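What follows is calculated from the coordinates using simple rules that are stated; it is not laboratory data. We place every Cβ from the backbone using ideal geometry, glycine too, and count neighbours over all the protein chains shown.
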Amino acid sequence: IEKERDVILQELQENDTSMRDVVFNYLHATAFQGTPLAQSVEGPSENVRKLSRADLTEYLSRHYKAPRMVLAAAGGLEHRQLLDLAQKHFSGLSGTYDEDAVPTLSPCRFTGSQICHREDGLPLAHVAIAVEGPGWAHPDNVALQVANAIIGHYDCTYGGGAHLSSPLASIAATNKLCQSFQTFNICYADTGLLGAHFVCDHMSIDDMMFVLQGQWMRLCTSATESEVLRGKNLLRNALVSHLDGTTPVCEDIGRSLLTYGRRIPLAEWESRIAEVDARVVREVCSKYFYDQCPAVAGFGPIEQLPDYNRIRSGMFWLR
Amino acid sequence: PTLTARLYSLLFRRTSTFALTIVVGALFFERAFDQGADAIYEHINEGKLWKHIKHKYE
Amino acid sequence: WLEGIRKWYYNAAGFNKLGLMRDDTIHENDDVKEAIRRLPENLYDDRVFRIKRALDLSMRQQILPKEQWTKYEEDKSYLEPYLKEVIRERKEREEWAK
Amino acid sequence: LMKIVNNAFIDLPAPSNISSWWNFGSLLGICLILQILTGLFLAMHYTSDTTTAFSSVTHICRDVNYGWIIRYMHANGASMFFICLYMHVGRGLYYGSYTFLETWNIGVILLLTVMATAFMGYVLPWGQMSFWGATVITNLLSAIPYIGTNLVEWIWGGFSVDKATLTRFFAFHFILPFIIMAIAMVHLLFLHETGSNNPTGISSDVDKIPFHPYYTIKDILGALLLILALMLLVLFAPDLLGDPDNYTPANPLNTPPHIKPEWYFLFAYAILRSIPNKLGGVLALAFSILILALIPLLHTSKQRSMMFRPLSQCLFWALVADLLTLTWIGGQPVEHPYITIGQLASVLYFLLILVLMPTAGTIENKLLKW
Amino acid sequence: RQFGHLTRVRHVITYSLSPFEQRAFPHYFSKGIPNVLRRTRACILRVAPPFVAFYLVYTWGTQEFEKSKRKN
Ligand code: HEM
Ligand code: HEM
Ligand SMILES: COc1ccc2c(O)c(C)c(-c3cncc(-c4ccc(OC(F)(F)F)cc4)c3)nc2c1
């Protein structure tokens, strides 16, 4: 307990350099203020120093209960083989608990805010903007994964350059507005984050947040079936390609049984994809992008970063 | 929900719809304000204006 | 006594009420920027915060509690050692021309 | 690709703390543009001849559809246009913005360019105080040796104020504002190389902010309040700052009792009436204005603002009282109590600026061990 | 000039909210008022006295001006 205490304090010093992880941790701090979700997985260095064996036995004796847990597998085995071992071993778990031992999760308060950690010494500028998400089980998650996929993602190593389809990626490779960006949709129990991450030189931020927000508002107002169809075909391949190997499959089993309660087969995902068209995307993005109060984060020479009222000003059009 | 939220969902969301409210508001505002304003002025200056006495000289 | 008078004037000015030191206030000038450029990062990065905090106060037209105000005896002259050096260099450049 | 120039109105770096005192720079941009539109619509019905000018104002104020409001949005649109300056200047002196020499020396050149334009503009209605105002005030140049008898007759286009004196003012008047508009864009140009000052006098590169949502709406507010105090006078006290003798047409053979310019010159006039020697009075008059160009050469404190200069604060607000005095003395007649006061105040104006206020910052440096 | 390279800043953090998520008039009377009086007393003794002095010379000069015009 005391050895790993020293190790984890050494890890935080390393994660102080992983600028990417910092931003999301700053991001959740601001979107989800005053709630647990603002916390990090690792927590502050103080609690790492001020911890006890007793604190853990409390944590383990409380949360690790069979009903909240899942065993799952994949590969060259059989279901029936798994049961004979579960009863052999996992029959001994505490399948019960006191009248109010297991907590429940209430919704968490999203809020619109900004955090701007200025550090000019560092050569590049990580940025992350997002909004409130639906949650896991909400069905419009499907449509959004398309919408992000229309925007796609980019690094300076992709050889397509200007000829890419995502007009954001096309512009970025042309004018060298950035080195990298992407599109994420983190899904929590009844909410989530939806937005994007990007890296760029300190003299190039204002150009990105003017094109990025343009594409969002472009979709909220007018998107074509061709590019939606382009996005759909990406979402198909990602699910298929993500499910290649016994490891990511049983991941998909495990969390889906915790998030959704069941697993969804790719046939049903495709069925949900099939109900998408341009009309769906315009509406859903208009619910969750158009004229909302986002969360913003910055780390590095973010001097050029538009102030939140300009960010918020660009979350709508006069059209 | 409240009225303010209903107003936003229908009117202040689309900037096209938004603007038409403002013109529509101006018309009924232009009418309502002028009537109310004149009534106060006349009520203060009752019996001093031309029309208040004009009836005597027709 | 003059020391007591210097002290009263300091509190009368009020840049202690915004947590600033003396040298934070000096007129931006060629001889000064040279001196600022020569500051170390620790002392410099402190100067920037003492300023940016103060501006955030005057925007709100507020001040800090008495516990955080700058004390007269604690008024550090962190910039004069470097500034008096620069002005000496300037007079040599002038004297050398003459 | 004009609108890279609109970055001076949208994406411009500006500090965060600046209070209302800086709005008065923008408001001139409103008064000026406001005043040009009004005075233009007065040109449509004005006549520059002496037999027709005074009536021409009546044509406006009587027969025209809402001609009358325009006269008073425009006359008093000059009065408010000088409340804005004198506070726009006092900022520049109290908060120490005069270190932007290139702007300040142009700030002077805007002031003179204006404060002669109102003089010309006050003639055009062609009443007593209009005429007699111009009769007295042009003769002061006659005090100069070897020139004045020639220059004054030249400006008059004759040997006394008459037709051709009027008609040329109307042309010197209805042009310079278009020259003033140029110098403003110039005046800003040297400001947008340096960025504005703050109450502290400290470099604000760290806590800058954009200009589009923040000061814009602040200027919309400050502009709105300006339109109040203008229209109140137009709609509740239009003859207030005026002078009723103006509403008698010009009679060069009947001198009014009280000759004086309008309120916004009077502190200058009191300085003149103070000195008995005529020519020596003049060089004091012009120097009461041009002294602004001597301020930066009399800067002594190693600080800039006066929020952090107690003694200069007390002297500054004393200067304001000396001005307000001179505004009052000039409006009042010349007798033994007011003569004595007008002398003392005028001496304070030059003394306080040249001697005490520099002397203060020297002392203030000494207390700070400088 | 423009944003981006105006100066150099390091290890400084800013937090801010969305205006749609906070009141525009928080403690407007509750806290704002004593700040004014605090903002007032901090400066008033430096603004008042010359204008206080003005009001006196205004009246005294006015009365003495009147008395001069009356008679022996
Ligand atoms: C820019 C600085 C200006 C100043 C300080 C100024 C000041 C004045 C003042 C005080 C008057 C007296 C009006 C009265 O007593 O009724 C006047 C008259 C006049 N002004 Fe302005 N003015 C300015 C610009 C303009 C402009 C831009 C125009 C036209 C575009 C204009 C047109 C006139 C006219 C035609 C008159 C004579 C008509 C009348 O007074 O009824 N002036 N000016
Ligand atoms: C037509 C007349 C004028 C126009 C259109 C004008 C316009 C402006 C504007 C819009 C600003 C920016 C706002 C501000 O900094 O307050 C400004 C700044 C300034 N003005 Fe003028 N102004 C005029 C008259 C004057 C005069 C008469 C003076 C001095 C006698 C003056 C001195 C200054 C200075 C020093 C600044 C910059 C001060 C600072 O940024 O800290 N201005 N002017
Ligand atoms: C931070 O301080 C500054 C710094 C620089 C400035 C600058 O370069 C300019 C050009 C101006 C300005 C000059 N004239 C007019 C306006 C104006 C503003 C609102 C209006 O809108 C309406 F509401 F109608 F008045 C109409 C006109 C602004 N103000 C500056 C203020």
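Return the residues of the stretch A:266-281 that are over 15 Å from A:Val240 (Cβ atoms), among the aliphatic types (A, V, I, L, M) and surrounded by 12 or more Cβ atoms within 10 Å (Cβ to Cβ); say none if nothing qualifies. Hits for the stretch A:266-281 are A:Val276, A:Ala278, A:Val280, A:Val281. Contact annotation: no residue pair with Cβ atoms under 8 Å, 6 or more positions apart or on different chains, pairs a residue in the stretch D:65-86 that is near ligand 1 (Cβ under 7 Å from one of its atoms) with a partner that is among the basic types (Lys, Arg) and in a helix (DSSP H, G or I).
Okay, residues lined up against (1) part of a helix (DSSP H, G or I); (2) in contact (Cβ under 8 Å) with a residue 12 or more places away in the chain:
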| site | (1), (2) |
| --- | --- |
| C:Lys17 | no, yes |
| C:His27 | no, no |
| C:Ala35 | yes, yes |
| C:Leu39 | no, yes |
| C:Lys52 | yes, no |
| C:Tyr72 | no, yes |
| C:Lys84 | yes, no |
| C:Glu89 | yes, no |
| C:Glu95 | yes, no |
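Taking the conditions exactly as written (touching a residue at least 40 places away in the same chain (Cβ under 8 Å), away from chain C (no Cβ under 14 Å), within 11 Å of ligand 1 (Cβ to nearest atom) and closer than 21 Å to D:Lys260 by Cβ), does D:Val123 satisfy them or not?
The answer is yes for D:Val123.
Filtered by the rule that a residue be more than 12 Å from ligand 2 (Cβ to nearest atom) and surrounded by 15 or more Cβ atoms within 10 Å (Cβ to Cβ), the stretch D:173-199 gives D:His173, D:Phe174.
Residues that are within 10 Å of chain D (Cβ to nearest Cβ) and surrounded by fewer than 16 Cβ atoms within 10 Å (Cβ to Cβ) within the stretch C:22-48 comprise C:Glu28, C:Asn29, C:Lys33, listed in sequence order.
Note on the stretch A:95-140: residues that are more than 14 Å from chain E (Cβ to nearest Cβ) and loosely packed, with under 12 Cβ neighbours inside 10 Å amount to 11. Screening D:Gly361 on (1) crowded, with 17+ Cβ neighbours inside 10 Å; (2) closer than 25 Å to D:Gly107 by Cα; (3) facing another protein chain (nearest Cβ under 10 Å) shows it passes everything except condition (3). Screening the candidates D:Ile353, D:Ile339 for the property of being surrounded by 20 or more Cβ atoms within 10 Å (Cβ to Cβ) and either under 21 Å from D:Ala284 (Cα atoms) or within 11 Å of chain E (Cβ to nearest Cβ) (or both) yields one hit, D:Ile353.
Residues of the stretch D:32-44 that are part of a helix (DSSP H, G or I) and away from ligand 2 (no atom under 11 Å from the Cβ): D:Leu34, D:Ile36, D:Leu37, D:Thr38, D:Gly39, D:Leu40, D:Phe41, D:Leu42, D:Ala43.
Counting only residues that are closer than 23 Å to D:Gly127 by Cα, within 25 Å of the chain's Cα centre (by Cα) and hydrophobic (A, V, I, L, M, F, W, C), which one in the stretch D:32-44 is nearest to ligand 3 (Cβ to nearest atom)? So the residue we want is D:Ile36. When the stretch D:322-340 is filtered for residues that are under 24 Å from the mean Cα position of the chain (by Cα) and closer than 22 Å to D:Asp243 by Cβ, the ones remaining, listed by number, are D:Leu323, D:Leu324, D:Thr325, D:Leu326, D:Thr327, D:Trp328, D:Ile329, D:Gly330, D:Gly331, D:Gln332, D:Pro333.
Filtered by the rule that a residue be facing chain E (nearest Cβ under 10 Å), closer than 24 Å to B:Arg14 by Cα, under 20 Å from the mean Cα position of the chain (by Cα) and among the hydrophobic types (A, V, I, L, M, F, W, C), the stretch A:282-319 gives A:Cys293, A:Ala295.
Okay, residues lined up against (1) buried (at least 17 other Cβ atoms within 10 Å of the Cβ); (2) touching a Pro at 6+ places or on another chain (Cβ under 9 Å):
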| site | (1), (2) |
| --- | --- |
| D:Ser19 | no, yes |
| D:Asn23 | yes, no |
| D:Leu28 | yes, no |
| D:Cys31 | yes, no |
| D:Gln35 | yes, yes |
| D:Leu40 | no, no |
| D:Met44 | no, no |
| D:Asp49 | no, no |
| D:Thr52 | no, no |
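When C:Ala97 is tested against (1) over 20 Å from E:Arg8 (Cβ atoms); (2) within 12 Å of chain D (Cβ to nearest Cβ), only condition (2) is not met. For the stretch D:1-31, filtering for residues that are within 20 Å of the chain's Cα centre (by Cα) and either near ligand 3 (Cβ under 8 Å from one of its atoms) or assigned to a strand (DSSP E or B) (or both) leaves 8. Screening the candidates D:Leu297, D:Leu344 for the property of being away from chain E (no Cβ under 14 Å), without any contact (Cβ under 8 Å) to a residue 60 or more places away in the chain and more than 22 Å from the chain's Cα centre (by Cα) yields one hit, D:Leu297.
For the stretch A:281-319, a tally of residues being touching a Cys at 6+ places or on another chain (Cβ under 9 Å), in a loop (DSSP other than H, G, I, E, B) and aliphatic (A, V, I, L, M) returns 3. Inside the stretch A:195-229, residues that are within 21 Å of the chain's Cα centre (by Cα), closer than 13 Å to A:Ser166 by Cβ and part of a helix (DSSP H, G or I) make up a count of 4.
With the structure loaded, tell me whether D:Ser160 is of a type in the set (S, T, N, Q), away from every other protein chain (no Cβ under 14 Å) and either within 16 Å of ligand 3 (Cβ to nearest atom) or not in a loop (DSSP other than H, G, I, E, B) (or both) or whether it fails that test. Answer is no for this residue.
Annotation note: of D:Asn197, D:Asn150, D:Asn139, the sole residue that is within 16 Å of ligand 3 (Cβ to nearest atom), away from chain E (no Cβ under 14 Å) and out of contact with any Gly (no Cβ under 6 Å at 6 or more places or on another chain) is D:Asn197.
Looking across the stretch D:200-228, the residues that are more than 12 Å from chain E (Cβ to nearest Cβ), surrounded by 15 or more Cβ atoms within 10 Å (Cβ to Cβ) and either within 26 Å of E:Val12 (Cβ to Cβ) or of a type in the set (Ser, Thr, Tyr) (or both) come down to D:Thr200, D:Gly201, D:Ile202, D:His212, D:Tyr215, D:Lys218. Go through the stretch E:16-31 residue by residue and tally those that are loosely packed, with under 13 Cβ neighbours inside 10 Å and not in a loop (DSSP other than H, G, I, E, B). Total satisfying the criteria: 2.
Is there a residue in the stretch E:40-62 that is more than 30 Å from D:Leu311 (Cα to Cα) and at the interface with another protein chain (Cβ under 9 Å from one of its Cβ atoms)?
Taking every residue of the stretch E:40-62 in turn, at least one turns out to be more than 30 Å from D:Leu311 (Cα to Cα) and at the interface with another protein chain (Cβ under 9 Å from one of its Cβ atoms).
Of all positions in the stretch D:311-333, at least one carries a residue that is out of contact with any helix residue (DSSP H, G or I) (no Cβ under 6 Å at 6 or more places or on another chain) and more than 22 Å from D:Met87 (Cβ to Cβ). For the residues D:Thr47, D:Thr58, D:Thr51, the requirement of being among the hydroxyl-bearing types (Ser, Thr, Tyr), within 27 Å of the chain's Cα centre (by Cα) and either assigned to a helix (DSSP H, G or I) or more than 15 Å from ligand 2 (Cβ to nearest atom) (or both) singles out D:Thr47. Considering (1) within 13 Å of ligand 3 (Cβ to nearest atom); (2) closer than 30 Å to D:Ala164 by Cβ; (3) of a type in the set (A, V, I, L, M), the lone condition that D:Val64 does not fulfil carries the number (1).
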